[PDB]
Every structure is written in C-alpha cells, then in structure tokens.
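Visitor: model this:
(chains A, B, C, D, E and F)
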Amino acid sequence: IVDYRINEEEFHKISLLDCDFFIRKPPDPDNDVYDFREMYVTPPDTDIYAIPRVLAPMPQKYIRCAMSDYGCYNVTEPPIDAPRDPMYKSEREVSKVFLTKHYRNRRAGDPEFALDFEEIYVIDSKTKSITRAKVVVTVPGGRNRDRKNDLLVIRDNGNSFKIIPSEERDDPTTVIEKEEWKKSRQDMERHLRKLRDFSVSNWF
Amino acid sequence: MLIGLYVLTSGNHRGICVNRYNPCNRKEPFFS
Amino acid sequence: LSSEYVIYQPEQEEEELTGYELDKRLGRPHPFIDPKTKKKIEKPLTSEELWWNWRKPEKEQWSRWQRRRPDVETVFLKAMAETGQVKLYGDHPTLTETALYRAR
Amino acid sequence: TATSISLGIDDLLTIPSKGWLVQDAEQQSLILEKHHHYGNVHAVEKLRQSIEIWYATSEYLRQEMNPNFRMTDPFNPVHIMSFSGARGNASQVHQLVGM
Amino acid sequence: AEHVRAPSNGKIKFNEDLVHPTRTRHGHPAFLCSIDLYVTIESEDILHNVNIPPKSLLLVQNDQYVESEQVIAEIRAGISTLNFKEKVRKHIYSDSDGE
Amino acid sequence: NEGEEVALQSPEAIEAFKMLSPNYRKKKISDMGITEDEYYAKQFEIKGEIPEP
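Guide: Numbering: from 1, shown residues only, chains lettered A, B, ... in the order given. Below is the structure:
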C-alpha cells in the first residue's frame, strides 16, 4: 500500500474481473502513450492503491501501445421476481489485457502504421501481475521482415504467442473442427479403453 | 412436441462423427 | 542481440515420419496400442495358485453366450474391410471396432 | 412429422459387454454350485453370492446403458425418447435393451 | 456397497502384508483392508491405481491376472444399524435317501 | 467359527488360509523334510488316543 491517494485523472484506468490497473499517461493528443515507471493495482472499485508484481523488465521510456481485452462472456439466468424482470444477464468478464506497442511509436493516423508484435505486455487479474509475453517469430525475413504482413496467433488461454504470415491463416471453422475432433478422439479412446478387446483393436 | 423440439435443438456431429481425418492437414454457409 | 522473450524459429522442420504417430495424428487406420511400445508382461499366477473362486474350470463348460451375436455392424465391417476402405486388427471385427463403426 | 422417429428390432442396442459379464457370472455360479456340492460352502452363502452377483451385473448393465448410447449412437430413437423425457425411463429401457 | 472394477486387463500388484486375511460372506477367501493401500494394474502401456482406505474386501491376490471390468474389490463402506433387520430362516432339504 | 467378514485372528484359521495355496503346502513340505508321498499319507493318519499294542 502506497498510503497516498493518487489523482486518477493522470493515469490509465484499466478494468479487470478482480482488479483495476493504473498506468501513468503523459499529456498527449490521442490517449495511447503509456508510462510504465509508475503503476498501481487496486481491488475492484476500491481506492486502496498497491504496488503490482513486476515479473518482467518494464519499458523505462514513453511508448505508444494499443490496448486489447481477453476474456469470456458469462451469460447467466437471473431469477425472475418481477413482471418485467430481465430474462438474462450478460457480462464481458475481462481476464487478460494485452498492450501492443506501435511500430516505431508511430501514430494511428500516420500513412505507415503497424503494430509491433514483438513487444506484448499482458496483465493478469488473478495474479495481480504485469509481465512481458514470449512470442515465436516464424515469418521469414528475421528482423528485416515487413510489418505490413503479420498475424499474431494467441492460444492456450493467452500463453502462446506466434507471429505467422497473414496468408498462412486458418478460418474459424478449421480451428473449431480441429479442437472438436481432438476432444472427440480423446473421449472416444477413453470410452473404448474399458472394453476387454481394446488391446487387439484398430482405429479406423 | 418434446421429440420435435429435441430434434430441433439437439445439435450436430462435432468431432470424429463429422470428419474422418483430422482437419489439421487441411461451417461453410454464411447467412445474414 | 535477441531478447529472452523474442524467440526466432524460422525453419519448421518437425515431422512425425513414424507410421504410428502419423496415422494417429491424421486419423488413419492404426492399432490403438503402439506395437513398438508393447511390453511383454511377466507370467502371472497359474490356475493352481489362484483360489477356487478365481480358478477356471479344467473342462470348458457350455453356455448360451459362447457364440458371438450377429449384427449389421460386423457384416458391414467385413464388407468394407475388403476393397481397402478400412483396415481391421485381424480377419474378424471385434466389438470395439463394431462400436467405432456404429459411431462413424 | 418431418423427421418421423421410429423404433425397430435392430434399434434396441445392448451394451457391447453383456455377453462377457453374463458368462463370467454364470461361470462363478457354476463353480460355487460345484463347491457347495463338495461342502466348502453352505446354502446361505450360495444364496447371498448369487443374489449379489446378479444384482451387481444388472446394476452395472443399467449404469453402462446410458454412456453407451451417448457415445456410440447419440441419435438412437430409444435414446432420444429416453433423454428428451417424452416417454420411458432408465428402468423401462433397461428391460428392453438390458436385462 | 460400491464394487471396484478393473480398468483394463493386466496383473495386480500390491503388498499383502498390510491387508488381513478374512472370509467373505459369499464363502470366498479375501483380504480385509483397513488402511489406505495402492494397487497397480500392470497393463501393456499404462499403470492404474485405485483403492479406498476404509473397511473393504479385496477379492484378488498379488500377481494374479484379471480381465477388464471384473470385480477386483468391494468397498462395503455403507454400514449402519438396520431397524428392519429380520431373522429369516431357510431350510436345507436332503437330495438323497440315507442315514 | 470366528464370524463373517472379520479379520481372522485364530492361528489355525490363518494357517488354513495360507494352506489354501499349493506353493505354501510345498514350502511346508520342504520345511518339514518329509516327502510328498509321506505328506499324502500324513493326511490319512488316525487322530486321537492310540491304543497300546
């Protein structure tokens, strides 16, 4: 606990499921400049500030980043105790926030604008920690690869980051069918294992 | 009517039933 | 020069050229148990050492369930085992294969 | 009316392990009868063993009935009628496709 | 009274010194279990560990080979006083004449 | 004599439980030193009081 109440007007307020993250914002025309020198984490809608867990080397200079949100929608069924009581309740339930630095700190309105997928900072509400993501560049070109053709694939609950070309992508139907087929194969093998003839058998 | 509703909302073959091989080596209709 | 976080793997040369793993990945006809990884288990207790409750009868008794119940699944598996559409472990379809066919 | 669900003879699917279970149960019953004739066990033990083993076999068959339908033939008409709630029960379907 | 069944075909390996010998109600010999034990079903590719600490009946022996879904043990954890307990009597009838 | 589904504590009951296995009988035969033909005849032995010749 810092024990002093900061002025949240000069900070970036990022809301999470169980936490609120504050990052100092330098004066800028477009609110996309972040200062990672001063940062605080608070309980949900609480004015008791604290120091977050810095688990990775944080940038010590002003950088222009793009915020994103990661989570799952919780569509519940609230009890109906009134005539016009709502039939459903939908919540975004953000879990991880991704900060993607702009290439060369360029503005969004510039003629050449690209996102630097090599410097990703994630924020976790469960662990109350901010760390730097580990990406696996696989696009040919090394460090001279053009940033106008890049695709960042995020899987495994925000733990796997890969940079692949834009043309080499899979449609949503493909990945959905892949995961469904994998789960179905695993469950079918689990079900058929208990049969006394599973040993002398063949999956066709 | 319960049988009809169950047939309507049952679903579709999702895993090994819909495809013989893994789609890794490799839904379609879009309606507005 | 490269940082700990920024990994570089330009050459993707990881291929499961082994037949069993390739068929398991691509969903091709392959045995459920890898024949290479099969381990010969040691000899268990003989019929004499087991108790009388678990001791099998010396002469094979008669039962109405000694034969295998005929089914459409077995006939269709025998029909499609020919012409090379599917491959079965042996010459006669087993119950696990009949269930898999009932599914697919 | 459009789908026209129906039930047939081959549509009553038994679990793929009924034969093995019934065979081992009757084998144990015959072994126990032979040993009862020898004098190793008395009448009440034979009665308890038979009742318990057959009740356990029937209960295991009824327990494995539903997962078999869900995994192997999810769109089975009997399974649809039982799971939807239209007509039937687990006990009643056990009489049809089990024991 | 839940019945533990073998997950797959294989040999049973356990330490017989911890279990106490006893006689089951079915006239069969078994090992009484009173402490949490670990038994291993040794199969071609995998090992399985399933057992429950409280008073149970082990109807198998060490190094014995068992097939899938056979009754390895009987948990028998459910035990309580029965107010409806009845002293039912059964008679044994002679099957041959003599002295 | 002891009961049903109770841990056997009598020495003769545990002895018979171990004797239910053929290997234990073979081990006991080897320990006693008698032959198999002698062990077969030991079963057919008159027990109780034996009259004087």
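Visitor: wait, does the biggest helix by length in chain D contact chain B?
Guide: The longest helix of chain D (DSSP state H) is helix D:43-71. No - applying C-beta under 8 Å from any C-beta of the partner chain, one finds helix D:43-71 separated from chain B by no less than 10.5 Å. C-beta coordinates here come from the backbone N, C-alpha and C atoms, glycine included.
Visitor: helices or strands up against that helix?
Guide: The contact analysis (3 or more C-beta pairs under 8 Å, 6 or more residues apart in numbering or on different chains; DSSP states H and E) places helix D:43-71 against helix A:172-193, helix D:18-38, helix D:77-84, helix D:90-97, strand E:3-5.
Visitor: which parts of chain E sit against chain F?
Guide: E:20, E:21, E:22, E:23, E:24, E:25, E:29, E:32, E:34, E:57, E:76.
Visitor: ok, the last one - contacts?
Guide: Put plainly, it is residue E:76. E:1, E:55, E:56, E:57, F:5 (C-beta atoms under 8 Å, 6 or more residues apart in numbering or on different chains).
Visitor: can you pull the phi/psi pair for the last one?
Guide: For residue F:5, the backbone dihedrals (degrees, to the nearest 10) come out as phi 60, psi 40.
Visitor: find the nearest non-adjacent residue to it, please.
Guide: Leaving out its chain neighbours, the residue that sits closest to residue F:5 by C-beta to C-beta, 6 or more residues apart in numbering or on different chains is residue E:25, at 5.6 Å.
Visitor: how far away is the closest residue to chain F within chain A from chain D?
Guide: For chain A and chain F, the shortest gap (C-beta to the nearest C-beta) falls at residue A:196, measuring 26.9 Å. Per C-beta to the nearest C-beta, to the nearest Å, residue A:196 is found 6 Å from chain D.
Visitor: do the same with residue F:25
Guide: Distance from residue F:25 to chain D, counting by C-beta to the nearest C-beta: 17 Å.
Visitor: doesn't residue F:19 make contact with that residue?
Guide: Yes - when contacts are counted by C-beta atoms under 8 Å, residue F:25 is listed as touching residue F:19 (5.9 Å).
Visitor: how about the contacts made by the residue of chain A closest to chain F?
Guide: Contacts of residue A:196 by C-beta under 8 Å, 6+ apart are D:17, D:20, E:9, E:67, E:68, E:69.
Visitor: identify the farthest-apart pair in these.
Guide: D:17 and E:9 (12.8 Å; C-beta to C-beta).
Visitor: out of the helices and strands packed on helix D:43-71, which is closest to residue A:115?
Guide: Of the helices and strands packed on helix D:43-71, nearest to residue A:115 by C-beta to C-beta is helix A:172-193, at 21.2 Å.
Visitor: which of the residues of chain E next to chain F sits closest to residue C:3?
Guide: residue E:34 (58.7 Å).
Visitor: can you report how many residues lie near that closest one?
Guide: Here the count is done by other C-beta atoms under 10 Å in any protein chain shown, and residue E:34 has 13 residues near it.
Visitor: the residue nearest to residue F:5 touches residue D:42, doesn't it?
Guide: No - counting by C-beta under 8 Å, residue E:25 sits too far from residue D:42 to count as a contact (11.5 Å).
Visitor: of these two, which one has the most company?
Guide: Neighbour tally, residue E:25 and residue D:42, criterion other C-beta under 10 Å: the higher count belongs to residue E:25, 16 against 12.
Visitor: if I've got this straight, the more buried one is in a helix?
Guide: No - counting by DSSP: H, G, I helix; E, B strand; the rest coil, one finds residue E:25 to be coil, located in no helix.
Visitor: returning to that earlier point: SS state for the residue of chain A closest to chain F?
Guide: With three-state DSSP as the criterion, residue A:196 reads coil.
Visitor: same question for residue A:38.
Guide: strand.
Visitor: next, format the helices and strands packed on helix D:43-71 as CSV and append mean neighbour count and distance to residue C:58.
Guide: Output for the helices and strands packed on helix D:43-71, formatted as CSV (neighbours: other C-beta atoms under 10 Å in any protein chain shown; distance: least, C-beta to C-beta, whole Å):
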stretch, mean neighbour count, distance to residue C:58
helix A:172-193, 16, 32
helix D:18-38, 16, 11
helix D:77-84, 19, 42
helix D:90-97, 14, 36
strand E:3-5, 18, 27
